[PDB]
Amino acid sequence: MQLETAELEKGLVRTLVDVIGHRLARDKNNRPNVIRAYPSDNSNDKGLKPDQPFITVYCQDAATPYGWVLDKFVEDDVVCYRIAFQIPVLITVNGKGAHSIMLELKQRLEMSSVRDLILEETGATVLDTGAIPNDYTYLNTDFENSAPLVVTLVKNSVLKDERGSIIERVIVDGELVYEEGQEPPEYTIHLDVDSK
Amino acid sequence: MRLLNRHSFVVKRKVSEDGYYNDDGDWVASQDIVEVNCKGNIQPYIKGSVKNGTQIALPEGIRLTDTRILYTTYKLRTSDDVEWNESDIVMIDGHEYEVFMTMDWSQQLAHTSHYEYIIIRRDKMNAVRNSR
């Protein structure tokens, strides 16, 4: 499995539709309003703001606090590497009662279930979950209630080194001497070992 | 009138307004795009820090930003989240100009009712599709 935030966001979006979809608004296709941040298509088209309440998913960054390389192994003749990653994600609810919805979303991510569905879709484990503020932003006319939350994930990624190769034959030479630097060696041992 | 129709340009209106969000959350623009022929008048927009054909120096290289004002009797529309429709596009010099602002002077007087729009040159970026 390779690590790609584009897939983690999609998996989280698909999971949230079932986990917390009953509290959200629904579009013309009856689907709950969960979307990825900064919507756009065809390199210039821009999405419209859905009907409230809705959810936004945005991946912040990715780091490797756990060393630099976790494993190096051979799976088939191609060499492989494994690396441990950490990915903080930001989920926000916009509308009225955003805090009341974020609280229930928090209380469900900690269940034994749900954490299995997340791993089934994204193949990642939930590591931490931060606090929830209760924000108000003026916009125009009326304030909008919002409630962000940060959910950190952990995943292992594997890549293939197509430039690598393996050793399958070894040739060894040796000598024996009574004294250091004895120019004609007392004995010479030549060895050759094949994998087969 | 004659001065309101000095220029002829092409407008791309997304006739369908069926844009939606995929099961994965990505945005999918409305599908049916239609070309039209319109007539108006285009002039540079001189106000404040507006940038007409201004070269911009950046660590990444050089950019070019432009913006204009358009007088016409045709009713072009910008993006609207309540009505759930996207903005129109105006082709000037072979490049795209997205309608960002509108000013409704229609139904004011008989012979001088019209519209005003501020159109900004679209920035250069690579294309990606999410269609379901």
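By the naming in the PDB entry, chain B is Head-closure protein, taken from Escherichia phage JohannRWettstein.

As annotated in the PDB entry, chain A carries the name Tail terminator protein and comes from Escherichia phage JohannRWettstein.

Draft legend 1. Inspection of the overall build of chain B at higher detail. When its secondary structure is counted, chain B shows zero helices and 10 strands. For chain B, the α and β elements follow one another from N to C terminus as β-β-β-β-β-β-β-β-β-β. The principal-axis extent of the C-alpha atoms belonging to chain B is close to 50 × 40 × 25 Å. In chain B, of all internal contacts separated by at least 6 residues, the share reaching a separation of at least 24 is 56%.

Draft legend 2. How the structure looks around the sheet that holds strand β10 (residues 115–121) of chain B. Residue and element names in this part refer to chain B. Strand order in the closed barrel formed by six strands is β1-β4-β7-β10-β9-β8, with antiparallel pairing between adjacent strands. For this sheet, the mean angle separating the axes of adjacent strands, direction not counted, is 45°. Where strand β1 (residues 7–14) and strand β4 (residues 33–44) come together, eight bridges link them in antiparallel fashion. Paired with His-7 across the two strands is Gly-40, which belongs to β4.

Draft legend 3. Looking closely at the pattern of salt bridges. Scanning the entire structure with this criterion turns up 18 salt bridges over all chains. When the shortest N-O distance is used, the salt bridge between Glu-104 of chain A and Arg-108 of chain A registers 3.1 Å. Of this pair, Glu-104 of chain A and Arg-108 of chain A both sit in helix α2 (residues 98–109), four residues apart, which is roughly one turn of that helix. Taking relative accessible area as the criterion, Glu-104 of chain A reaches 18% and is therefore assigned buried. For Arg-108 of chain A, a relative accessible area of 29% translates into the label partly exposed. Linking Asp-123 of chain B and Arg-63 of chain B is a salt bridge whose minimum nitrogen-to-oxygen distance equals 3.8 Å. In this pair, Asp-123 of chain B sits in the segment after β10 while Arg-63 of chain B sits in strand β6 (residues 61–65), placing the two residues 60 residues apart along the sequence. A residue is classified by how much of its surface remains accessible, and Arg-63 of chain B, at 36% relative accessible area, is partly exposed. Residues participating in the shared-partner salt-bridge network are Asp-45 and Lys-46 of chain A together with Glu-96, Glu-98 and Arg-122 of chain B.

Draft legend 4. Just the interface of chain B and chain A, in detail. Each side of the interface is counted separately: chain B has 25 residues, and chain A has 20 residues. Taking both partners together, chain B and chain A bury about 1900 Å²; carbon and sulfur atoms supply 48% of that area. Among the residues of chain B in contact with chain A, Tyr-21, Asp-24 and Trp-27 of chain B are the three that bury the most area, contributing 33% of the side total. If you look at where chain B meets chain A, you find four salt bridges. Across the pair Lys-46 of chain A and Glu-98 of chain B runs a salt bridge whose closest N-O atoms are separated by 3.0 Å. Run the count over chain B and chain A and you get nine residue pairs in polar contact. Contributions of two or more residues to the side of chain B that touches chain A are made by β3 (27–28) and β9 (95–104) of chain B. The class makeup of the residues in the side of chain B that touches chain A is nine nonpolar, five polar and 11 charged.

Draft legend 5. Quick peek at helix α1 (residues 5–19) of chain A. Residue and element names in this part refer to chain A. Between its terminal C-alpha atoms α1 stretches 20 Å, which fits the 21 Å expected from 15 residues at 1.5 Å a residue. All of the buried residues along α1 are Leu-8, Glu-9, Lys-10, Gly-11, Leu-12, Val-13, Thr-15, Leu-16, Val-17 and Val-19. Those residues of α1 that are buried are in contact with β1 (34–36), β4 (54–59), β6 (79–95), α2, α3 (115–121) and β9 (144–161).

Draft legend 6. Highlighting the nonpolar core. Residue and element names in this part refer to chain A. Formed by 31 residues in total, the largest nonpolar core has its most connected members in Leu-16, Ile-20, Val-34, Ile-55 and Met-102. Breaking this core down by element, the ones donating at least two residues are α1, β4, β6, α2 and β9. Considering every element that reaches this core, the biggest residue donor is α1, with six residues. Each residue touching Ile-20, except ones within four places of it in the same chain, is listed here: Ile-55, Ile-101, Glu-104 and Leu-105.

Draft legend 7. Structural context of the side chain of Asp-26 of chain B. Within the secondary structure layout, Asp-26 of chain B lies in the loop between β2 (20–21) and β3. A polar contact of 2.3 Å, which involves the side chain of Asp-26 of chain B, links it to the side chain of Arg-36 of chain A. Excluding residues within four positions of it along the chain, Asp-26 of chain B makes contact with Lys-10 and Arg-36 of chain A together with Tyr-20, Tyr-21 and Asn-130 of chain B.

Draft legend 8. Seen up close, the packing of aromatic side chains. Residues and elements named next belong to chain B. One pass over the full model with this rule turns up five aromatic pairs over all chains. Aromatic pair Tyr-115 and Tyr-117: ring centres 6.2 Å apart, planes at 25°, arrangement stacked. The two residues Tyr-115 and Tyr-117 agree in class, both being buried. An aromatic cluster is built from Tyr-21, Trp-27 and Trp-84, whose rings are joined through pairwise contacts.

Draft legend 9. Geometry of the environment of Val-154 of chain A. Residues and elements named next belong to chain A. Residue placement: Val-154 occurs in strand β9. Assessed through its relative accessible area of 23%, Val-154 is described here as partly exposed. The residues touching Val-154, leaving out its near neighbours within four places in the chain, are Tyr-66, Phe-85, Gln-86, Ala-124, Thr-125 and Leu-127.

How each quantity is defined
Residues numbered from 1 in each chain as written, not as in the entry; some residues may be left out. Chains lettered and ligands numbered in written order. Part of a larger assembly, values for the part shown. Heavy atoms only, no water. Residues with missing side-chain atoms left out of burial classes, pairs and counts. Helix = DSSP H or I, 4+ residues; strand = E, 2+ residues; numbered from the N terminus. Contact = heavy atoms within 4.5 Å. Pairing = 2+ DSSP bridges. Axes fitted to C-alpha atoms, helices over the stretch in contact; angles between N-to-C directions. Salt bridge = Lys/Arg side-chain N within 4 Å of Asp/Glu carboxyl O. Buried < 20%, exposed > 50% of the residue type's maximum accessible area, 1.4 Å probe, protein only. Buried area = accessible area lost by both parts, 1.4 Å probe. Polar contact = N/O pair within 3.5 Å; in protein donor to acceptor, adjacent residues only side chain to side chain. Nonpolar A, V, L, I, M, F, W, Y, C, P; charged D, E, K, R; others polar. Expected span 1.5 Å × (residues − 1). Core = buried A, V, L, I, M, F, W, Y, C linked by side-chain atoms within 4.5 Å. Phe/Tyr/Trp six-rings, centres within 6.5 Å; stacked < 30°, edge-to-face > 60°.

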